[PDB]
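We give structure tokens for two forms of one protein chain below, kept apart as structure 1 and structure 2.
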Structure 1
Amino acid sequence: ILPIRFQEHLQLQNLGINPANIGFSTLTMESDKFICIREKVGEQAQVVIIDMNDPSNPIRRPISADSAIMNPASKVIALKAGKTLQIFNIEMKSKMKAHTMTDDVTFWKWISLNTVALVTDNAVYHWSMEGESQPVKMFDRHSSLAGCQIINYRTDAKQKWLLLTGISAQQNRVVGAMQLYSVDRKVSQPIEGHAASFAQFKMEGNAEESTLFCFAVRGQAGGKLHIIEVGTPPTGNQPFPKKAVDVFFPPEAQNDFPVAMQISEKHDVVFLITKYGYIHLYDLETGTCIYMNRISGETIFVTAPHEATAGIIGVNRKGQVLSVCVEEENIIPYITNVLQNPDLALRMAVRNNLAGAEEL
């Protein structure tokens, strides 16, 4: 029995998607509701939008955009061509917002239902869709990310901790460079890391949720996963004790590294996916590694939270849309009987109201 449920939702090539457009710079998946692909049909650029609730009926539209990102919840698309940004409500056939940057945007992403983050060579901006807001600079980029391909930007729930992630080659490996910025302290911290997420976690004995920062890295010391509280604990809270655990890479995966992370706050579990298709699960509280295995023979380049199961959904270069979530009926006996960790099993059972620890 497996502590996870692993599903294939879609094979994009069955919708006529050219596998040449299945990659990081042409396919976006900002949430589990839509996938968006830029393709050139003949001389014409277009965008194909796949509604994950109705995948046999993709919308195709001509565009002149070098990047397209759908809103996480609504058919509202952000498109850019160089310095020109335009936000369109597709169903209303209207341009909601336009802005012209004074720098190219090398990465952008919806960080919430209504804010787009924009990364230039020099800085990171947030652009709210409310009212007449223009982009606001959040911080300047740290020099440790200079030259990196930017691959992710995330925030905590309150948008007080901001995390920029780049990668580059140093000594013939892929090295991750992160910039963690505190909005309240206005201080950046450079961190070596490949994939990360924030999460809200309420410790036993605390009245308030802690904000945790979880990041995985393959460094010189090998693979490591860290879980720490960021910021000053809310008044009355105990601090969350820092965790650090190994991230295993097998000897035949010598150039693999972590590419994606999502955290289930329903199960307090960390899903970590590596570039070459390995899935790891860790307990958010303790960092204990629950499971590893390989789920994709092709590289995975984009993930989102899989809302329904509180898992992780993603796309590989073949165009499979795959998800992993916790198998709620199996996870506790797995931990008890295969990992032989009754302490963790029992803890997770009562912590997240899962069945199976009636017998340990």
Structure 2
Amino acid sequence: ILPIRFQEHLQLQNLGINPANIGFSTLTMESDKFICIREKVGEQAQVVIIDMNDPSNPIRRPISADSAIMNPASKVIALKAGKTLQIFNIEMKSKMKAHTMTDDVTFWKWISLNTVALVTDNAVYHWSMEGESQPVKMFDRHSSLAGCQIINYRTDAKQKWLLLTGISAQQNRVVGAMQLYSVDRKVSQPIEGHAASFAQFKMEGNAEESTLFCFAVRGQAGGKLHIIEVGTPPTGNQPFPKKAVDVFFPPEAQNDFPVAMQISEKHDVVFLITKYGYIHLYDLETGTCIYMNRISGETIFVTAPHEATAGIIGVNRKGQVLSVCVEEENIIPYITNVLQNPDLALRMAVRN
């Protein structure tokens, strides 16, 4: 009995995709509904769309764009072709919206059903799908991210806390640099970190949910995971007590570091994935590490929440599509019996 269930859902090569095209620069998974691969045959570019409900029937079509990201739910796709961005309805075969930027967009992502986040060299913008609005600048980038490869952009549930992540390879290390912006205080904070996520968490006795910020880093102090409340507790709330635990990197994982995080709000657990393909499971309330193992021989370069199970799904460099979820019937028993932590297990039970 293990606290989690692992599973290979797909091998992309068996869906007809060339290994050259299975990578961060050409393959996106903005939700667990779709995977999008930008392929190039001769001098014709194509997008292959894989509906995760009907994997065996790919929508492979010729297109002129350097970058493609599927809406989290709708059959709507955004395409970047130079400095020109377009939002396209696939089933209507029609253009909804277009915009031409001044600066190149080096990174972009859907943060909701309606909004595309646009990252330039200098700034972050949010572009609304509905209406006529042009991209709106939210904040200017901080010097500490200059020259970084941008790997992620995250928001809390209310869109009041915004987080940009960049990394940089140096001789003896990968530097992690984050910028956390408060939409209400109108101020940013530079932070050293490699992977992060927000979560809603209900403390017992409180009037409202707390908004939590969780981030992992492999820095000067070794592997660390921090869980802190962001913002002012509402009337009726006590504050969440800051946690600070370890991320263990074995000796044989010398160059390893964190790359992805998703958080289960059904179970209040943190899923953490590293560059080498290890997963770690932590309790959100206490910061206790429940579990750790190696799930992939190759880098998992993109993840999303597995929404039906409150788990994590990802894609690796070999084209394996993998997921990890909580085993709902075994996690309490495993904490009680294998971990020998009846206090944590009661607390999880009790909070259920």
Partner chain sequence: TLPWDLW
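Quick note, the numbers are simply positions in structure 1, starting from 1. For the two forms, the rigid core is made up of the largest set of C-alpha atoms that agree within 1.5 Å on superposition.
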message: Between the two structures, is it 1 or 2 that corresponds to the form deposited with its partner chain bound?
response: 2
message: Please give the CA displacement of residue 47 between structures 1 and 2, in Å, after core superposition.
response: 0.6
field: Rigid-core-superposed Cα shift at residue 171 between structures 1 and 2, Å
entry: 4.5
- prompt: Once you lay the two forms on top of each other by their rigid core, how far has the C-alpha of residue 235 moved between structures 1 and 2, in Å?
  reply: 2.0
